[PDB]
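Residues per chain are reported as follows:
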Amino acid sequence: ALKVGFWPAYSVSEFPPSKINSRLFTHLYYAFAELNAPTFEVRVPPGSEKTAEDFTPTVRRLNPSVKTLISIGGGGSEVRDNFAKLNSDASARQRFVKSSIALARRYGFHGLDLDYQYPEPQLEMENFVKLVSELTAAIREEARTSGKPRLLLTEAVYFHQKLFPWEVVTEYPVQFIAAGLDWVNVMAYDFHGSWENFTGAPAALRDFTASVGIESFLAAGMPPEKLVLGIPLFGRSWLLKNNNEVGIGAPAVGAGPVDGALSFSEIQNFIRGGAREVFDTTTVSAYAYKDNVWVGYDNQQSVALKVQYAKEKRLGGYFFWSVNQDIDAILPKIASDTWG
Ligand SMILES: CC(=O)N[C@@H]1[C@@H](O)[C@H](O[C@@H]2O[C@H](CO)[C@@H](O[C@@H]3O[C@H](CO)[C@@H](O)[C@H](O)[C@H]3NC(C)=O)[C@H](O)[C@H]2NC(C)=O)[C@@H](CO)O[C@H]1O
């Protein structure tokens, strides 16, 4: 039962690794090492070496059994462009593979993650397959030469097995992934948000839903234990067109605070300051509103329902993005209690 959380290094001054309740997790990710084009000597951002080294000993103090991975890349156009340049150059792929493995060992991580959004179109998937195949082989070779258990290898995936469901240009090769990786982190969120003119459930379990995306990976043949269901610790926000239309599907005029996203902890403050929370059974989600601000998110009820869903679907577990955004670890606690 994988209970996974991502800790973003940007948050260090407000939420250092020491604040993570690592009792509630089996695996915790450092986000992110950088690709460091053009040499592709993968590294943590210069200046953050101490933070990266101390991460694993720190989180293990509260739960020695917890393991860690370092995630390389992250969402965003610069990372995507760097992976696309990397994956087309055999020499660069070799430098990336060697340096990534060395990085994980250097800082005491138990594994590596790729976060690449996204390996599309078809050329980019084909080249990503070359990178990942080479990385899997080198991980096995390093275990052989060091005598240590092999590094874990995971990657972030889009919510759906097809890139993209409305216009398929490529798709994740599930048998390849199952053979090469320990699991994938299914990004079952950002379905709805301020790019749209109406409020919606940004991580709806059902209704662009988490269950349809999960179904697509299973139908393609992914072993269910290789899927880890993502659950956001942030909400997507809108400004309402009219303060008396406050439900799902209400008209909106742009992004709410802060640039369209609010941490769970900020949402708790929003509710304590007078916003009304509503559970939406139709989507398995929550929303809250006050005056012209509306936010959709996951709450204690929807998280328990999503985690039970993952269990019923025989998934490997769940992950949170990102742990600094529930400072009191409310949602990680209910998730852990739900699974058992
Ligand atoms: C052809 C068409 O209209 N397609 C629609 C899709 O574009 C839309 O996908 C969503 O698009 C938005 C905006 O590009 C994505 O939001 C971004 O997501 C990233 C990563 O999750 C996040 O870091 C950004 O902050 C966020 N940007 C903003 C402005 O919030 C979102 O991920 C896309 N979601 C999915 C599931 O692809 C979908 C779904 O709304 O609808 C199609 O009709």
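How each quantity is defined
- Residues numbered from 1 in each chain as written, not as in the entry; some residues may be left out.
- Heavy atoms only, no water.
- Residues with missing side-chain atoms left out of burial classes, pairs and counts.
- UniProt positions renumbered as here; feature names shortened; annotations may be inferred.
- Pairing = 2+ DSSP bridges.
- Helix = DSSP H or I, 4+ residues; strand = E, 2+ residues; numbered from the N terminus.
- Axes fitted to C-alpha atoms, helices over the stretch in contact; angles between N-to-C directions.
- Contact = heavy atoms within 4.5 Å.
- Core = buried A, V, L, I, M, F, W, Y, C linked by side-chain atoms within 4.5 Å.
- Buried < 20%, exposed > 50% of the residue type's maximum accessible area, 1.4 Å probe, protein only.
- Domains from an automatic or database assignment.
- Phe/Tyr/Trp six-rings, centres within 6.5 Å; stacked < 30°, edge-to-face > 60°.
- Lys NZ or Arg CZ within 6 Å of the ring centre and 35° of its normal.
- Near = heavy atom within 4 Å.
- Polar contact = N/O pair within 3.5 Å; in protein donor to acceptor, adjacent residues only side chain to side chain.
- Areas by Shrake-Rupley, 256 points an atom, 1.4 Å probe, with all protein chains shown as cover.
- Nonpolar A, V, L, I, M, F, W, Y, C, P; charged D, E, K, R; others polar.
- 1 Å grid on protein atoms, 1.4 Å probe; cavity = no way out; pocket = protein on both sides within 12 Å on 5 of 7 lines; lining within 4 Å.
- Points joined across faces, edges and corners; volume = space filled by probe spheres on them.

The record names X-ray crystallography as the way this model was obtained, at a resolution of 1.30 Å.

Identification of the protein as Chitinase A from Cycas revoluta is taken from the PDB entry. In the Sequence similarities (unreviewed entry) part of its UniProt record, the protein is described as follows: "Belongs to the glycosyl hydrolase 18 family. Chitinase class V subfamily."

(A) Looking closely at the sheet that holds strand β2 (residues 27-33). Here eight strands make up a closed barrel; going around it, the order is β1-β2-β3-β4-β5-β8-β9-β16 and the pairing parallel. Here the strands of the sheet are splayed against their neighbours by 25° on average, with no regard to which way each runs. Relative to strand β16 (residues 317-321), strand β9 (residues 227-232) runs parallel, the two being bridged by five bridges. By the bridge assignment, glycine 230 is partnered in β16 with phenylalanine 319. Here helix α1 (residues 49-60) sits on the sheet in contact with β1 (2-8), β2 and β3 (67-73), set at roughly 175° to β2. Along the sheet face, helix α6 (residues 210-220) touches β5 (152-157), β8 (183-186) and β9 and points at about 165° away from the line of β9.

(B) Representation of the nonpolar core in the model. Counting 103 residues, the largest nonpolar core has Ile20, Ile70, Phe96, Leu112, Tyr172 and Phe320 as the members making the most contacts within it. Ranked by residues supplied to this core, first place goes to helix α3 (residues 90-107) with seven residues. Here this core spans two domains, and each of domain 1 (1-232 + 298-340) and domain 2 (233-297) adds at least three residues to it. Look past the residues within four positions of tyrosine 172 in its chain and what remains in contact with it is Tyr118, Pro119, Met125, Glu155, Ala156, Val157, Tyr158, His160, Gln161, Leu163, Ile177 and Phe217. Listed in part, the eight residues of the second largest apolar core include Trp238, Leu240, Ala252 and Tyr289.

(C) Seen up close, the packing of aromatic side chains. Within this structure, the stated rule accounts for 29 aromatic pairs. When the ring of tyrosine 318 is compared with that of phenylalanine 320, the centres are 5.6 Å apart and the planes differ by 65°; the resulting orientation is edge-to-face. Accessibility classification places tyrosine 318 together with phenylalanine 320 in one group, the buried group. Feature note: the residues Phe6, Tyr29, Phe32, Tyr189, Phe234, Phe319 and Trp321 constitute an aromatic cluster, connected by ring pairs. One residue, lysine 311, lies across the ring of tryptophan 339, its end atom 5.0 Å from the ring centre.

(D) Broad picture of the site of the ligand. Around the ligand lies a shell formed by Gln117, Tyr158, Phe159, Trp166, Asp190, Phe191, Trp195, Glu196, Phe208 and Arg236. Contact between the ligand and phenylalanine 191: an oxygen atom at 2.7 Å from a main-chain N or O atom of the residue. In this structure, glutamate 196 approaches the ligand through a side-chain N or O atom, which is 3.5 Å from an oxygen atom. Considering the ligand on its own, with 810 Å² of exposed area, one finds that the protein chains cover 52% of that surface. Tallied by class, residues from the shell around the ligand come to six nonpolar, one polar and three charged.

(E) Expanded view of empty space enclosed by the protein. Here the largest cavity defines a volume of roughly 40 Å³. As for the largest cavity, its lining consists of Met125, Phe128, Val129, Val132, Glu155, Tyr172, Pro173, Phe176 and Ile177. Those elements giving two or more residues to the lining of the largest cavity turn out to be α4 (122-146) and α5 (174-180). Ranked by residue count, the leading element in the lining of the largest cavity is α4, at four residues. The class makeup of the residues in the lining of the largest cavity is eight nonpolar, no polar and one charged.

(F) Spotlight on the side chain of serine 263. By secondary structure assignment, the location of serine 263 is in strand β12 (residues 261-263). Each residue touching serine 263, except ones within four places of it in the same chain, is listed here: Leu233, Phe234 and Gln325.

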